[PDB]
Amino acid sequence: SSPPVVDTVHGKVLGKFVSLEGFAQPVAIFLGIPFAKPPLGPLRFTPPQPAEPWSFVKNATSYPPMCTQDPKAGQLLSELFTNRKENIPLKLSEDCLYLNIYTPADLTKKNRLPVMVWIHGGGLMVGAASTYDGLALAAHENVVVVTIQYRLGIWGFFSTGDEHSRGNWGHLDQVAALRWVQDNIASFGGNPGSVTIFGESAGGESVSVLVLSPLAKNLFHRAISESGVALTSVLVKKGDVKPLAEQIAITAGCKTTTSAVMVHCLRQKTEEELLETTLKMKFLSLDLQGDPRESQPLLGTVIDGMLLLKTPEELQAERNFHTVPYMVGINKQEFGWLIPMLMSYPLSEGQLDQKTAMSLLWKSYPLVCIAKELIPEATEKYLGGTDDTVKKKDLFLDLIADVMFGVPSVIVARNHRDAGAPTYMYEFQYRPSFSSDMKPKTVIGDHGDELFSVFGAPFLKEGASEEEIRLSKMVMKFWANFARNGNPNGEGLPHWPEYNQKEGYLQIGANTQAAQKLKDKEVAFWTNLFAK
C-alpha cells in the first residue's frame, strides 16, 4: 500500500513493507536509521554524539555501510552467518553508526511489543548489522527486532590507557544505540520498557559487558549471551595497553612521544591509512613464530573507568548492582571449524599428537592464555585419553573451546545466579543445513550454528528440512518468550529449568531436553590449574 513513515525524535523516517509468506500483517523494515553523529574527523576515538535532526522525510531504505574492517574477512563472515537468501554486499565507511529495525506491529495503531536489540559478533574486528535479517523473527514471534552496529577495531577500541583515549568507543556506541531505542522504539510499535539485548560471539561478550557496565543500567531489561562473555579473556584487555597503542601508532607511521601525540596523529590518518594499518597488524589470525605472549589477538574491551570500573572478574564478584534475567549459552563444538579455519590454524594435517599439541596450545596463548608451565597438565587432561592421533586433535579442539567459551560462560552464569537474578543456560547441539561446504560432516554445533535457528534462517533460505524448520520455530519461541517475561518457558515448548543450585540447563538440538551441571567438571579443573 503506502511506505511506512514513522516520526522519531530527530525527524520522520521512511521505510518499506515486506510480507513473510504465511503472515498477513507485513513487517515494516527500516534500514540505516542513524543513531549517532558520524564519528568522522576529530570525533574519532571519542564517545558517540547525538545525530543531527533532519528537515523532511529521511529514507531508511538502503543498507548502511559497515564499519571499516578487513573487507575480505568481513564479507566472508557476513556470508557464513547471514540467514537471508542472498548475501548483501556491504560498503566500508567510518560512517557506520546506524541501526536497522524490523517491526511486525501495525504502525497504524498504538503497539508496544517487546524489543530485541541484536549485537553482531566478529571479534570486535569485523562485522555488520545488515548481515542478520530480522524479518522472520519479528513476524514469527511478534517482537520488534533491532540490529545495531558499532565501531570496530582501531576505530572502536584503540586505547592509550589514559584520558587521552580511554577506549571502548565501540561499547559506548552500543550503549548509544540503546539510548536511541529508549527514546524512539515506541514509535515503531516497540515497548521501550521491555528491551532485551542479545548477541553472538563478540556480541555476547558485549552483552556481558553491558550487563556489568553502570552506563548500560536501565537501557535494557533482559540479556542473552550466545557463545561469549566478559570472562572470554581474548576479548578483554587487562594490564597496560600503552604498549599496544604504541605498536599501532608506529605501524600507522606515528610518533609515540606521548599519548596525546599518538591520538592526534591517528586522527590525522585517513580511513584508508588506518585500514592498511589494520591489515599490517594482522589481527584475527594466529601467529605461529616468535613469542606467543606478544602476538596481540585483536584490540578489545579495556577497563576505561567509564564503561567498566574494573575487570569483569572483580565486578561479578559483587551482588550490589542492577540485575536482570540473563540467558548464557554455548554450542557443542565452539572451536569446531569456524574460528579455527578463519584464524588459519595449523591443523591442516587431520590429526595431532601430544607433542605438537602442547606446541599449538602455546602459540594459542593469545586465545587461551595458558602459562607454558601449565601447557603440559592441560594437554594431558584432555588428550591423555586415546592414543588416536585424530581423536587428540578433536579433544584438542575441545580444550580450546572450553577455555574460550565453556568454562567462562558457566562461571558467569553461576555468579549471575548467586547474585540473585534469573539465570538460564543452554547448549546448542545441531548442525545446520546452511553450513559451509568446507565444514566437515562430522562437526556438529560449531560456532554460530544457533544463529540460523535464532534468526529463522529456515524461513528465508531454502532446503531446510521439517526438522530444522521446527527447531527454528522452537528457539525463536524460547528467545521471544524470554524477551517477554524474562523466562524462556511457555506452553508448547520443552521445560527449560532455571540455572539455580541444581544447575539445570536445556540441551537444544534435534533432541531438546533438560540436563544438569554444564561443563561442571571442566570449570572445576581449569579453576585449579589456572590458580597455578
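Each form is matched to the other, and the largest set of C-alpha atoms that superpose within 1.5 Å is called the rigid core. So that there is no doubt, residue numbering starts at 1 and follows the sequence shown.
Greater root mean square CA deviation, 289-297 compared with 95-103 in 4 other deposited structures of this protein, core aligned: With the rigid core superposed, the C-alphas that lie farther in 4 other deposited structures of this protein are those of 289-297.
Comparing 210-218 and 321-329 where Cα RMS over structures and residues is taken in 4 other deposited structures of this protein (core fit), larger one: Clearly, after the core fit, the stretch farther away in 4 other deposited structures of this protein is 321-329.
38-46 versus 51-59 - greater average Cα B-factor per the deposited record: Comparing averages over the C-alpha atoms only gives 51-59.
Mean Cα B-factor comparison, 457-465 or 361-369, giving the higher one as deposited: Higher mean C-alpha B-factor in the PDB entry: 361-369.
Residue of maximum C-alpha B factor among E163, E349, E94, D446, per deposited coordinates: Result of the comparison over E163, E349, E94, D446: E349.
Selection from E141, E200, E377, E450 [criterion: highest C-alpha temperature factor in the record]: Top of the list by C-alpha B-factor: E377.
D398 CA temperature factor, ranked by third within the chain: It belongs to the highest third of the chain when residues are ordered by C-alpha B-factor.
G490, C-alpha B-factor rank within chain (lowest, middle or highest third): As the PDB entry reports it, the C-alpha B-factor of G490 lands in the highest third of its chain.
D291 - which third its CA temperature factor falls in, relative to the rest of the chain: As the PDB entry reports it, the C-alpha B-factor of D291 lands in the highest third of its chain.
B-factor third for the C-alpha atom of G15 within its chain: Middle third of the chain for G15's C-alpha B-factor.
Relative C-alpha B-factor of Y430, binned into the chain's lowest, middle or highest third: Within its chain, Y430 is a middle-third residue by C-alpha B-factor, going by the deposited values.
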